[PDB]
Amino acid sequence: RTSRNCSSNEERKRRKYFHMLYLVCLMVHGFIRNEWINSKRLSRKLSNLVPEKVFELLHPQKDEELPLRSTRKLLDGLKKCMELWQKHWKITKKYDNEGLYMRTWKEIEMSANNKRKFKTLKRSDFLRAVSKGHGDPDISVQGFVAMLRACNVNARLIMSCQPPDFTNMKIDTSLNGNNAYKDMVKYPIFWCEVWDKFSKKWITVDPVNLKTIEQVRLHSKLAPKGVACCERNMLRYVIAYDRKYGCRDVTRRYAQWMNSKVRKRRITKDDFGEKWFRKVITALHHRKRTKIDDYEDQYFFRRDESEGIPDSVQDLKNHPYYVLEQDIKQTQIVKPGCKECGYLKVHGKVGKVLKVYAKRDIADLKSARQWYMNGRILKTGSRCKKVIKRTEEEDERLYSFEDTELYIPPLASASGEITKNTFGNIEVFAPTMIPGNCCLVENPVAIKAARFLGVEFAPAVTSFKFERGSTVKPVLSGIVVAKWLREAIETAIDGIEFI
Amino acid sequence: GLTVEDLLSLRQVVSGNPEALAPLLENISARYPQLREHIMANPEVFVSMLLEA
DNA sequence: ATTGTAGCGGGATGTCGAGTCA
DNA sequence: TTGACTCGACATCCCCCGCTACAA
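Criteria and thresholds
Residues numbered from 1 in each chain as written, not as in the entry; some residues may be left out. Chains lettered and ligands numbered in written order. Heavy atoms only, no water. Axes fitted to C-alpha atoms, helices over the stretch in contact; angles between N-to-C directions. Helix = DSSP H or I, 4+ residues; strand = E, 2+ residues; numbered from the N terminus. Parallel < 35°, antiparallel > 145°, perpendicular 65-115°, else oblique. Left-handed = near helix turned anticlockwise from the far one by under 90°. Contact = heavy atoms within 4.5 Å. Pairing = 2+ DSSP bridges. Buried < 20%, exposed > 50% of the residue type's maximum accessible area, 1.4 Å probe, protein only. Arc of directions from axis to C-beta. Patch = residues over 30% accessible without salt bridge, like charges linked within 9 Å, V, L, I, M, F, W, Y side chains within 5 Å. Areas by Shrake-Rupley, 256 points an atom, 1.4 Å probe, with all protein chains shown as cover. Salt bridge = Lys/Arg side-chain N within 4 Å of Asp/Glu carboxyl O. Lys, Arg positive; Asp, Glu negative; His and termini not counted. Charge placed at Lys NZ, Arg CZ, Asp CG, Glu CD. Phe/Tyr/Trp six-rings, centres within 6.5 Å; stacked < 30°, edge-to-face > 60°. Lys NZ or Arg CZ within 6 Å of the ring centre and 35° of its normal. Near = heavy atom within 4 Å. Polar contact = N/O pair within 3.5 Å; in protein donor to acceptor, adjacent residues only side chain to side chain. Nonpolar A, V, L, I, M, F, W, Y, C, P; charged D, E, K, R; others polar. Disulfide = S-S within 2.5 Å.

Going by the header, the method for this PDB entry is X-ray crystallography, and the resolution given is 3.0501 Å.

Written out as structure tokens, the structure reads:
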């Protein structure tokens, strides 16, 4: 009855770790390759692939009455380039193994054992390769970017990083063998974007695999489709590297549903993640912001607002902007005079429809005690927003954030006396709750210290522990003392062995 | 905190042979436990490290 | 005798894989 | 074809200052 293909939270958490680790390496590999592309020795040889006529096409004169025709000439150039690169590149290899396509966790684990066969590359062999025109499809595009760059076009290298899927919870994760290679190579890992100064948009160019040039609006030929093609290519992080060592996450261009579908598969979905990802992207972005950056962000913004409510219930779990009436938490209510921002047709029941709210119209409520733990209490005459069932049986009243106000604890005396509770401590669940003329000192021995100096203090209860029994117990993490006394306490703490 | 012989293999796999990342990263993460919280906290460090090298 | 020491969370919500239904 | 829904066993996220009894 139970086949149950699932791994341990340990393995989960490792996969998450390994996903990040594998990813950073991938994104650095991009960074470096994108360098090697700018190679000046290489550039000078590749220029000669490109006729003056074509060169001129790549740099059309501004046509003011109709910019469109300038884009048109630029496009003609990019196609004449795509053609002569087909010609430059004589011998096009197959990937040994999976190239930079996504691997299955099992495959990884097993890759330890067979250490297989790995030539070594470095920078020369790459350059030499691109010049003879010998290499796999990844190399071929990279060269193409070199060539364009050597023609002084602003030509990004795009990399769709395929680290292993950290949302794959499965123990055995097995793939279909049929047409496996033909289906993996169906869509590219690397490709090129090119900036049109006339239409102020980035042009998409895949000169080697799909061999088309597209101006992406809502849909892109490069984004993989169909269950089979996506086992090995799961579009999550599409990174753009430019001449000047920009690094920009351009996934939104290529992802039709970035905010429902693709976001569930990026490390970027919890808050720590976004923040981690940005650190990495920032590590990789060695230039300062251009106006192009803004034309793009403007594109992205518009892309991002045309996505809208998704067309299915599975896609509204944990959506950034949107939530179903049914998923509004017990502790949430709808902000007054708001209502649905949209409806959802429910696939497979006729006429059955759901109410979708904007997450911005939903309020989070907390009980009185709950607020206190954010260092806030109820403003005078506050009406409760909602009532629920707690556990024995009791009804717990909840309040909005604006029903409430900071708790300003009383200042300490001249002698540095701190005002206490029934148990002889002071409650600090938030910096706010540290008195103004006082500081919090957290340290297992701060109480030993303060007691030894016999200066006036008060224990900090900063949280509670929960354990067997229905018991709760306070956590004393430290001391609250007048600031003048801080220097003294810190010294005693430092000297605790001498007490 | 990390060796210089592995930092060599790691610069090279990452730069010219990323196909081989998979087993290298399997090996090395198993030989350097602490790397984990490093990578979670301060990725920008680990990055920078791979660029000089 | 008396004191110290040791023994007695959980409930809503959420997550992913699979199988079943239409 | 594919999504909605159910069901199996995990996870997270707040709860938010105790008591009965034995023994040297």
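Enquirer: Can you explain the packing of helix 1 (residues 9-37) of chain A against helix 2 (residues 21-31) of chain B? Please cite residues and give values.
Expert: It is the contact of helix 1 of chain A with helix 2 of chain B, at a shortest axis distance of 11 Å, that shows an interaxial angle of 125°. What the angle tells us is that helix 1 of chain A and helix 2 of chain B run oblique. Of the two possible hands of crossing, helix 1 of chain A and helix 2 of chain B adopt the one that is right-handed. Contacts between helix 1 of chain A and helix 2 of chain B pair A:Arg14, A:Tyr17, A:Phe18, A:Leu21, A:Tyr22, A:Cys25 and A:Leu26 from the former with B:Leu21, B:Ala22, B:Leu25, B:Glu26 and B:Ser29 from the latter.

Enquirer: How would you summarise the sheet that holds strand 3 (residues 155-161) of chain A if you had to cite specific residues and measurements?
Expert: Residues and elements named next belong to chain A. Read across the open sheet, the six strands follow the order 6-5-4-3-7-8; overall the sheet is antiparallel. Bordering the open sheet on either side are strand 6 (212-214) and strand 8 (247-249), each of which pairs with just one other strand. In this sheet, adjacent strand axes meet at a mean angle of 25° when their direction is disregarded. Two elements, strand 3 and strand 4 (residues 190-196), share five bridges in a ladder whose sense is antiparallel. Paired with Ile-158 across the bridge in strand 4 is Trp-191. Sitting on the sheet, helix 1 touches strand 3, strand 4 and strand 7 (237-241), and the angle it makes with strand 3 is about 160°. Helix 11 (residues 271-284) contacts strand 7 and strand 8 of the sheet and is inclined by roughly 150° relative to strand 8.

Enquirer: Break down helix 6 (residues 122-132) of chain A for me, with residues and values.
Expert: Residue pairs three or four apart in sequence face the same way in an α-helix, which turns once every 3.6 residues. Residues and elements named next belong to chain A. Looking only at helix 6, the buried set comprises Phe-126, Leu-127, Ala-129 and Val-130. For helix 6, the angular spread of the buried residues around the axis is 160°, confining them to a single face. At its buried positions, helix 6 is contacted by helix 1, helix 2 (40-47), helix 4 (67-88), strand 2 (134-135) and helix 7 (137-150). Looking one or two residues past helix 6, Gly-133 carries a phi angle of roughly 80°, positive in sign.

Enquirer: Before we move on, could you go through a negative patch on the surface and cite the residues and values that matter?
Expert: Residues and elements named next belong to chain A. A contiguous patch of negative charge on the surface is contributed by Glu-392, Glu-393, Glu-394 and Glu-396. Mapped onto the secondary structure, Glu-394 falls in strand 17 (residues 394-399). Accessibility expressed as a relative area gives 49% for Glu-394, which makes it partly exposed.

Enquirer: Go over the packing of aromatic side chains, please, and point to the residues and values.
Expert: Residue and element names in this part refer to chain A. Applying the stated rule across the entire model yields 17 aromatic pairs over all chains. Measuring from centroid to centroid gives 5.7 Å for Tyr-372 and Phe-429, while their planes differ by 80°, and the two rings are edge-to-face. Each of the two residues, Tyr-372 as well as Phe-429, counts as buried. Aromatic ring contacts, followed pair by pair, group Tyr-372, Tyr-407, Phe-429 and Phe-464 into a single cluster. It is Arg-266 that lies over the ring of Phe-277; its NZ or CZ is 5.1 Å from the centre. Positioned above the aromatic ring of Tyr-295 is the side chain of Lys-291, whose terminal nitrogen or guanidinium carbon lies 4.0 Å from the ring centre.

Enquirer: Provide a residue-level description of the protein's contact with DNA strand C, including the pertinent values.
Expert: Residues and elements named next belong to chain A. Residues in close proximity to DNA strand C total 14 residues, the closest being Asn-5, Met-169, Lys-170, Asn-318 and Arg-468. Of all DNA strand C atoms lying within 4 Å of any protein atom, the proportion belonging to sugar or phosphate reaches 68%. Between a phosphate oxygen of DNA strand C and a side-chain N or O atom of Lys-170, the distance comes to 2.9 Å. Backbone polar atom of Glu-467 to a sugar or linking oxygen of DNA strand C: 3.4 Å apart, as the coordinates give it. Considered class by class, the residues forming the surface near DNA strand C number two nonpolar, seven polar and five charged.

Enquirer: How would you explain the state of the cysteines if you had to name every residue and give the values?
Expert: Tallied over the entire structure, the rule returns zero disulfides over all chains. Take A:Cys192: it sits in no disulfide, and the sulfur closest to it among the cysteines is that of A:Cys81, at 9.6 Å.

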